[PDB]
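Below is one structure; the comments refer to it alone.
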Amino acid sequence: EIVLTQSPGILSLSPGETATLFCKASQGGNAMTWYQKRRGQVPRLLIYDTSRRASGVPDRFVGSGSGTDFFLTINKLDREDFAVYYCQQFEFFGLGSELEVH
Amino acid sequence: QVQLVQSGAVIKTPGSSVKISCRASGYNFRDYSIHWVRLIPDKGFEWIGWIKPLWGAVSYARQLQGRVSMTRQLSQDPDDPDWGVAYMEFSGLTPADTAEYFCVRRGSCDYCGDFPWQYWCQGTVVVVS
Amino acid sequence: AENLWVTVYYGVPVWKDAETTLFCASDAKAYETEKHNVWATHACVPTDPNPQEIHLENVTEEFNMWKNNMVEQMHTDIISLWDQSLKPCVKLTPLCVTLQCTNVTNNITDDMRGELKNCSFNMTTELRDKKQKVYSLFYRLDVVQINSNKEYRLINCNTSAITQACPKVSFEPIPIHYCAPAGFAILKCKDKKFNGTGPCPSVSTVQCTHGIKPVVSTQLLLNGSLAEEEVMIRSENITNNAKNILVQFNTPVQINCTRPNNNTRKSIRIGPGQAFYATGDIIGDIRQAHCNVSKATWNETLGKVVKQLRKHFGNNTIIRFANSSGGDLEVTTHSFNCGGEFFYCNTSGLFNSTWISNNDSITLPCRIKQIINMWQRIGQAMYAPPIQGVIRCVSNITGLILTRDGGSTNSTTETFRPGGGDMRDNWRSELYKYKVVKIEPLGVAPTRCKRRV
Amino acid sequence: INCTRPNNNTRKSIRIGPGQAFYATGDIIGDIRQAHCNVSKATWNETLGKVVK
Amino acid sequence: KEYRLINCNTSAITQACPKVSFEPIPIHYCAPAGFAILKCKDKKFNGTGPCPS
Amino acid sequence: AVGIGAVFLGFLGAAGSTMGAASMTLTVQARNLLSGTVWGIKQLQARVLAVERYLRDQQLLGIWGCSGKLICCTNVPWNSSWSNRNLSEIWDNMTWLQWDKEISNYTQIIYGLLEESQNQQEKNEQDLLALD
Amino acid sequence: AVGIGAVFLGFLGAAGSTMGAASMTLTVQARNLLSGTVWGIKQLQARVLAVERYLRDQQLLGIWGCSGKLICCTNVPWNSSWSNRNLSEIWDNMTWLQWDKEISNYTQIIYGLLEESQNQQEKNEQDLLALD
Ligand SMILES: *[C@@H]1O[C@H](CO)[C@@H](O[C@@H]2O[C@H](CO)[C@@H](O[C@@H]3O[C@H](CO[C@H]4O[C@H](CO)[C@@H](O)[C@H](O)[C@@H]4O)[C@@H](O)[C@H](O[C@H]4O[C@H](CO)[C@@H](O)[C@H](O)[C@@H]4O)[C@@H]3O)[C@H](O)[C@H]2NC(C)=O)[C@H](O)[C@H]1NC(C)=O
Ligand SMILES: *[C@@H]1O[C@H](CO)[C@@H](O[C@@H]2O[C@H](CO)[C@@H](O[C@@H]3O[C@H](CO[C@H]4O[C@H](CO)[C@@H](O)[C@H](O)[C@@H]4O)[C@@H](O)[C@H](O[C@H]4O[C@H](CO)[C@@H](O)[C@H](O)[C@@H]4O)[C@@H]3O)[C@H](O)[C@H]2NC(C)=O)[C@H](O)[C@H]1NC(C)=O
Ligand SMILES: *[C@@H]1O[C@H](CO)[C@@H](O[C@@H]2O[C@H](CO)[C@@H](O[C@@H]3O[C@H](CO)[C@@H](O)[C@H](O[C@H]4O[C@H](CO)[C@@H](O)[C@H](O)[C@@H]4O)[C@@H]3O)[C@H](O)[C@H]2NC(C)=O)[C@H](O)[C@H]1NC(C)=O
Ligand SMILES: *[C@@H]1O[C@H](CO)[C@@H](O[C@@H]2O[C@H](CO)[C@@H](O[C@@H]3O[C@H](CO)[C@@H](O)[C@H](O[C@H]4O[C@H](CO)[C@@H](O)[C@H](O)[C@@H]4O)[C@@H]3O)[C@H](O)[C@H]2NC(C)=O)[C@H](O)[C@H]1NC(C)=O
Ligand SMILES: *[C@@H]1O[C@H](CO)[C@@H](O[C@@H]2O[C@H](CO)[C@@H](O[C@@H]3O[C@H](CO)[C@@H](O)[C@H](O[C@H]4O[C@H](CO)[C@@H](O)[C@H](O)[C@@H]4O)[C@@H]3O)[C@H](O)[C@H]2NC(C)=O)[C@H](O)[C@H]1NC(C)=O
Ligand SMILES: *[C@@H]1O[C@H](CO)[C@@H](O[C@@H]2O[C@H](CO)[C@@H](O[C@@H]3O[C@H](CO)[C@@H](O)[C@H](O)[C@@H]3O)[C@H](O)[C@H]2NC(C)=O)[C@H](O)[C@H]1NC(C)=O
Ligand SMILES: *[C@@H]1O[C@H](CO)[C@@H](O[C@@H]2O[C@H](CO)[C@@H](O[C@@H]3O[C@H](CO)[C@@H](O)[C@H](O)[C@@H]3O)[C@H](O)[C@H]2NC(C)=O)[C@H](O)[C@H]1NC(C)=O
Ligand SMILES: *[C@@H]1O[C@H](CO)[C@@H](O[C@@H]2O[C@H](CO)[C@@H](O[C@@H]3O[C@H](CO)[C@@H](O)[C@H](O)[C@@H]3O)[C@H](O)[C@H]2NC(C)=O)[C@H](O)[C@H]1NC(C)=O
Ligand SMILES: *[C@@H]1O[C@H](CO)[C@@H](O[C@@H]2O[C@H](CO)[C@@H](O[C@@H]3O[C@H](CO)[C@@H](O)[C@H](O)[C@@H]3O)[C@H](O)[C@H]2NC(C)=O)[C@H](O)[C@H]1NC(C)=O
Ligand SMILES: *[C@@H]1O[C@H](CO)[C@@H](O[C@@H]2O[C@H](CO)[C@@H](O[C@@H]3O[C@H](CO)[C@@H](O)[C@H](O)[C@@H]3O)[C@H](O)[C@H]2NC(C)=O)[C@H](O)[C@H]1NC(C)=O
Ligand SMILES: *[C@@H]1O[C@H](CO)[C@@H](O[C@@H]2O[C@H](CO)[C@@H](O)[C@H](O)[C@H]2NC(C)=O)[C@H](O)[C@H]1NC(C)=O
Ligand SMILES: *[C@@H]1O[C@H](CO)[C@@H](O[C@@H]2O[C@H](CO)[C@@H](O)[C@H](O)[C@H]2NC(C)=O)[C@H](O)[C@H]1NC(C)=O
Ligand SMILES: *[C@@H]1O[C@H](CO)[C@@H](O[C@@H]2O[C@H](CO)[C@@H](O)[C@H](O)[C@H]2NC(C)=O)[C@H](O)[C@H]1NC(C)=O
Ligand SMILES: *[C@@H]1O[C@H](CO)[C@@H](O[C@@H]2O[C@H](CO)[C@@H](O)[C@H](O)[C@H]2NC(C)=O)[C@H](O)[C@H]1NC(C)=O
Ligand SMILES: *[C@@H]1O[C@H](CO)[C@@H](O)[C@H](O)[C@H]1NC(C)=O
Ligand SMILES: *[C@@H]1O[C@H](CO)[C@@H](O)[C@H](O)[C@H]1NC(C)=O
Ligand SMILES: *[C@@H]1O[C@H](CO)[C@@H](O)[C@H](O)[C@H]1NC(C)=O
Ligand SMILES: *[C@@H]1O[C@H](CO)[C@@H](O)[C@H](O)[C@H]1NC(C)=O
């Protein structure tokens, strides 16, 4: 079974900067998906097919990567962008990351 | 627009049965899959199963087999051919099932696959004690 | 010299990929059964014998069965032909009425249930004033309980009307040929091993396809075209478990199915010029309609597909099978149309096996529905008339449709299950070898010549 | 120009037979008022002055 | 005291479907190959005669 | 005389080969282009789509120098900035399918160049026979 | 080079101007002529009416001297009893819309003159290449 690994994860930063979370797969060849969950709300789709953005998505979220290694990079951090993030290849799932205000 | 509606929250005794409706409105129901997924604290997400309502063809996960059942009810009239009802049913309840459940539908683009679920319900919290 | 001049060339052989309409045409033997009794001769020019199938050298194109078009218009066209074959036939409006029913005369064990119910009711005669009392037979899957006494009604009379097919028009398939109009061509990959995606190094163009017989079946597709040598599995994304898996195997395996109960039809009149066909007396013992396949050929072909399937999932893997998981009626079992009557036949007896890393015949029982509803349209239910005599039919099982279970949590076994799903996959089992391309003349190239004044 | 009907209305589905729907007009929740239209005074008078001129 | 419908002595009667809406939508007209549509853009043109632009 | 020679192929038969050999046969690729109860509407719109395409091509060829020559030459010099290929290699190395992806960028301009060239040549020869 | 020059107009763009300036552009007026459940019958009869008109015009031009020249000259002298106009004024004074009402009487005869002239010229050159 394909297991995803999440990297750094617990990440505390200030507004106005850029940040990047990392994920690595146990099996290459497939695509990638990124999900945002805020506090006490319903999760929301950011990135499907490893580079494409959904509706209601500003383009300052940029996903990239190849093979097994994928990066999610947000430039120009805002207050609403502090949330929990998930990587997704198939029915499998990764553990998540944490964006906190520093 | 696409809209999903889940049911109200529930507390159950151990070893009980729970039936959860997921009502869909705003699109032609006979053309899209419906997936069921769960969310436990300190667990992340965990996929349960998927159902196509054109013939009700289902599939469940392997580690949850024998304990779940998915049915559907279509809309049969030439007036409102869009709305539809999915039913999930869960038996053999344990205290580890303390979680929140969600029914989802995928995105509707060209390179949209099947697993990138776009539209979500508002989630039903289930407590077993 | 170095002033090369442009030169235009008309009729350069080159093409592009495109999408357009197509052309339906069949043989001349289908016109012998006259007066449009079979469909697809309302809209069929007779095919011209020995069309050209011209061969090509070096040129190599890529194909893709999954985003291929023209299958969509095939699924449209069969539905449209089905609907065009019904409007000249009678409606069954005055039949929705209160039914007085009972059990048929049979020494019934109490725990078994009757598959036949025997009902009587009222019906209008040719005039408007007389009304008569008449009786007929029905299966249990067509009447339900309305709610001392005991009375039933039909299943469909609370959401829709009901149309009887005409007994003139037959149901057997016939070889439909597809052809391109003027200004296109159809390519064809003749490679021996081509899974279904990518480049094919030996192509050939064509003007019309081979014979295609449209049969409707949910699992275990019938009367198909088998591959050359091995047993080929094909899928779109294998690690994705949402997509089905098409298995085409080499040697066909014979299958028999039969209904043994002798039947007598009967003609009730509804009014002026309206006929209606009941099911009268039953001469013989009430047996159960069933299907036979051979044992060892089935086991050997399953060994073949295990041996071929092991390459896509590593060698040391336990592989097993299981029956259908659930859902509506016509997707758990497999279902077909033999002799002008529809069968739904249980398949749990075939998919129970497990496979380690290193004369007798199987029967399976069926059921018979009289009313049907294919394609699950919202207001369209079709009745089917009964027929005469004992019915049997022989066919070749050719292919298979499978679905992997989405097994997480570290299990080495990979079970497989049959799943019918769409009707489109049966056509995709036969149009996996044709894309349609559009001619483009008038190329332009530089060379050393110049037009004089 | 505004126009409105204020009476709240409830539809109702009678069945005629096999697969035939029919829509009646059921109960009326509220006071029975009269449907009407409003226009502004001075704009109407000024435009009529325009067309007279 | 009993009534009947107004139209049931000269005709049948067809119910509209509740699916199909009634609001208008911008219909564009176009000419086929080999014609053209002219248009007077003059500010004052009453409806008859020559138009210079 | 001929024991075994290359006879001819079907239309698009040569299209794998090089352009020099493919230019020997054009008439085969040209002839298979014209000809060889709701369904009648689909057949009729198919046939009129076919003749519409062929008539567009005939008109577009007519407005250049050659109406019905089927092989033309003209007075527009080849700019090597489009193709950057040698003469020696193209007629003995590449196919038209290979060619079209290489010349795909520089289209829709060459057509206008041919239009202007034919127009200016027609008005100049018009002036020539005007003084004649 | 060119700061501001007259680029080109749409089809029928020049048609208010004089004929001398309008004769510079014909290809624009020529190209916009071919291309750019009962209703399908109306569209199909519209399309076949269009191609019927264009084919009639192509044939009527073909039976004269010039098939696809788009500008011709011939061997029929202008009789001044039709037009009674000077050469100096027509190319620098009048429009085609202005022209057509003036030459409206003398039509359907000039066409037959062109027919007979082309016929006699073809049979005489036929006799020339017959003795050749
Ligand atoms: C996969 O493909 C196989 C091979 O074709 C199909 O098997 C055939 O199915 C057809 C059904 O269309 C069968 O055809 C039927 O045969 C009956 C018996 O015919 C014999 O007897 C007559 C009369 O004595 C002889 O002339 C003849 O030579 C045969 O020896 C016929 O009685 C049937 O016709 C009935 O219906 C028509 C309709 O109006 C009436 O006009 C007739 O009078 C008659 O009542 C029909 O012809 C055929 O027997 C099957 N087997 C073979 C070997 O061809 C499978 O059906 C197909 N798979 C599936 C799933 O359908
Ligand atoms: C597709 O085809 C398959 C293969 O045939 C079918 O699978 C079988 O389905 C039956 C369902 O009826 C399975 O269950 C068996 O049903 C029996 C019916 O119970 C009657 O008798 C009991 C008393 O014994 C009464 O109380 C009751 O009211 C009924 O009248 C059970 O009795 C069977 O039990 C057997 O096994 C147990 C355990 O060993 C013993 O204790 C019993 O004494 C008895 O021996 C049994 O449960 C049957 O098992 C299935 N077959 C196999 C091989 O497993 C599918 O049903 C069919 N698909 C569809 C949709 O029908
Ligand atoms: C497994 O499932 C996938 C779908 O989940 C299935 O589809 C293939 O996915 C790949 C993606 O890895 C597709 O490749 C793309 O094709 C499009 C076609 O135009 C290109 O535009 C893409 O370009 C990429 O790079 C660009 C550079 O800027 C980006 O802008 C662009 O967004 C893309 O990132 C890319 O080449 C592929 O077309 C599909 N389909 C097929 C038939 O391959 C895949 O087939 C399944 N199987 C396997 C073994 O993966
Ligand atoms: C489905 O039903 C069909 C019904 O027609 C059935 O097909 C028939 O099966 C029989 C027996 O399986 C076939 O009969 C064979 O005939 C050939 C040639 O005559 C013989 O070689 C065979 O045995 C003969 O020789 C034996 C000695 O070697 C003798 O002992 C024997 O009595 C014979 O004389 C064999 O019997 C028949 O040819 C087919 N017919 C057709 C049209 O297929 C089919 O078997 C059923 N399906 C399954 C899976 O059982
Ligand atoms: C037909 O019905 C429509 C119903 O929408 C109605 O249109 C609305 O009318 C009201 C009042 O005529 C408009 O409200 C206005 O709002 C603007 C901007 O907010 C204000 O400038 C106006 O007054 C404001 O300021 C006043 C002080 O100067 C305050 O005393 C006052 O409370 C406001 O704060 C004015 O109220 C509204 O914008 C429209 N809406 C639309 C969509 O047209 C319309 O008037 C009716 N027709 C007729 C002929 O009455
Ligand atoms: C259920 O099906 C049965 C047969 O399968 C039908 O029963 C038959 O009904 C007829 C009615 O005319 C009976 O005929 C009568 O039989 C007696 C016997 O001597 C004869 O004297 C009468 O003159 C008349 O011919 C027939 O007997 C009866 N069959 C049996 C076995 O009794 C029946 O119509 C069906 N419907 C029901 C029971 O609602
Ligand atoms: C078919 O048509 C026949 C004949 O029209 C129907 O028979 C009628 O059935 C009703 C109810 O079963 C009878 O009403 C009963 O009358 C008796 C005595 O008259 C009374 O004791 C009962 O309480 C009830 O009122 C009716 O008389 C009878 N008519 C005739 C002529 O027999 C029949 O019901 C229709 N339907 C079917 C399914 O058979
Ligand atoms: C069905 O046939 C197609 C075509 O042969 C197969 O697709 C091809 O699969 C191979 C893997 O065996 C792909 O190779 C991979 O290429 C990437 C490119 O970077 C490389 O990084 C990988 O390490 C690997 O070598 C290949 O790209 C792919 N596509 C084509 C056009 O060849 C397919 O695998 C076959 N089988 C099935 C079950 O679908
Ligand atoms: C696929 O295989 C499974 C396992 O063989 C089948 O499950 C079996 O389903 C039948 C009917 O759904 C169960 O029969 C039961 O009989 C009692 C008798 O009174 C009745 O009260 C029950 O309501 C039920 O009908 C049977 O117990 C069950 N077997 C097991 C081991 O749980 C399943 O039906 C198969 N699928 C198909 C389409 O055949
Ligand atoms: C609408 O516009 C048209 C076009 O301008 C007007 O029609 C024109 O009306 C004038 C009168 O104001 C006509 O002039 C008259 O001409 C005759 C010719 O002999 C002369 O004898 C009279 O004394 C008078 O001058 C003119 O002929 C007529 N047509 C055209 C083509 O200009 C029309 O009056 C306008 N207004 C309305 C309300 O229709
Ligand atoms: C017709 O068949 C049904 C089905 O067997 C019979 O229903 C039985 O009714 C008795 C008494 O009501 C019950 O004890 C049985 O358990 C029932 N069987 C089933 C399978 O539930 C019915 O009695 C039959 N009617 C006649 C007239 O024979
Ligand atoms: C099925 O039933 C019919 C109807 O009884 C049987 O046809 C009869 O066959 C016998 C034997 O030749 C004749 O004497 C009868 O006249 C036939 N009746 C009719 C109406 O044709 C038929 O044989 C039965 N099928 C079997 C027994 O396989
Ligand atoms: C089903 O399979 C049988 C053989 O298992 C096929 O029968 C062969 O058909 C071809 C073509 O008509 C003949 O040349 C052969 O002589 C037949 N027999 C054998 C043993 O190959 C049959 O065509 C298949 N299809 C159908 C519809 O019956
Ligand atoms: C018109 O009548 C309907 C029907 O009673 C009213 O809808 C109700 O609104 C109240 C307030 O939210 C709800 O509690 C009821 O459940 C609603 N009923 C239905 C059937 O939806 C509606 O509010 C009325 N319109 C008004 C008062 O303007
Ligand atoms: C029609 O009857 C069936 C019988 O069970 C029922 O399930 C269905 O809901 C009914 N439909 C309507 C519209 O009454
Ligand atoms: C299939 O046949 C082989 C060899 O005869 C045998 O070993 C195997 O057990 C058979 N399959 C099953 C499921 O029994
Ligand atoms: C499992 O496989 C074998 C052969 O089919 C047998 O023991 C049993 O009947 C099968 N199970 C079922 C439920 O039929
Ligand atoms: C139908 O009824 C109306 C009611 O007044 C009457 O005016 C009209 O003449 C009637 N028409 C016929 C044909 O009876």
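Chains as they are written, first to last, in the numbering used here: chain C, 3 to 104; chain V, 37 to 165; chain H, 1054 to 1506; chain Y, 199 to 251; chain R, 3 to 55; chain U, 7 to 138; chain W, 7 to 138. Where a beta carbon is used, it is the ideal one built from N, C-alpha and C, also for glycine.
- Using a beta-carbon distance cut-off of less than 7 Å, what residues from the region 58-82 of chain U approach chain W? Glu58, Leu61, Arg62, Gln65, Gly68, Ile69 and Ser73
- Message: As a quick exercise: from U:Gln49, U:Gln114, U:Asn38 and U:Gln126, pick the residue whose alpha carbon is nearest that of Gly1496 (chain H).
- Response: U:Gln114
- Which residues mark the beginning and the end of the beta strand (DSSP E) in which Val41 (chain V) is found? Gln39 to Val41
- Please determine if the region 41-56 of chain V and the region 74-93 of chain V are in contact, where contact requires at least 3 C-beta pairs separated by less than 8 Å. no
- Message: Strictly by DSSP, which residues pair up with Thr160 (chain V)?
- Response: V:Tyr137
- Item | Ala93 (chain V) at chain C interface by Cβ criterion, 9 Å | no
- Message: Less than 8 Å separating the Cβ of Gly1167 (chain H) from some heavy atom of ligand 2?
- Response: no
- Message: Does the CB of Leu119 (chain U) have a neighbour CB from chain W at under 9 Å?
- Response: Not closer than 9 Å to any Cβ of chain W, the Cβ of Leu119 (chain U) fails to qualify, so no.
- What's the call for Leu1453 (chain H), buried or exposed, on a 16-neighbour Cβ count within 10 Å? buried
- Message: Between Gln1185 (chain H) and ligand 6, is there a pair consisting of the residue's CB and a ligand heavy atom that are separated by less than 8 Å?
- Response: no
- Message: Taking only three categories from DSSP, how would you classify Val5 (chain C)?
- Response: coil
- Task: Let me know if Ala1295 (chain H) comes out buried or exposed under the rule of 16 or more other beta-carbons within 10 Å of its beta-carbon.
- Result: Buried.
- Message: Are the CB atoms of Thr1468 (chain H) and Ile1372 (chain H) within a distance shorter than 9 Å?
- Response: yes
- Query: How about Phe95 (chain C) and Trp83 (chain V): are their beta carbons less than 9 Å apart?
  - Reply: yes
- Message: Just to make sure I have the definition right: I need the residues of chain U whose C-beta is within less than 8 Å of the C-beta of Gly46 (chain W). Which are they?
- Response: Going along chain U in sequence order, the residues near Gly46 (chain W) (Cβ under 8 Å) are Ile47 and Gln51.
- Task: Go through its chain and collect everything with a Cβ distance to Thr1060 (chain H)'s Cβ below 8 Å, but skip five positions before and after it.
- Result: Same-chain partners within the cutoff: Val1497, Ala1498, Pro1499, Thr1500 and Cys1502.
- Query: For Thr245 (chain Y), does the count of other Cβ atoms within 10 angstroms reach 16, so buried, or fall short, so exposed?
  - Reply: exposed
- Message: Taking CB distances under 9 Å as the criterion, tell me whether residue 1509 (chain H) reaches chain V.
- Response: Shown here, chain H extends from 1054 to 1506; a query on residue 1509 (chain H) therefore has no answer.
- Do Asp106 (chain U) and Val1067 (chain H) have their CB atoms nearer than 9 Å? yes
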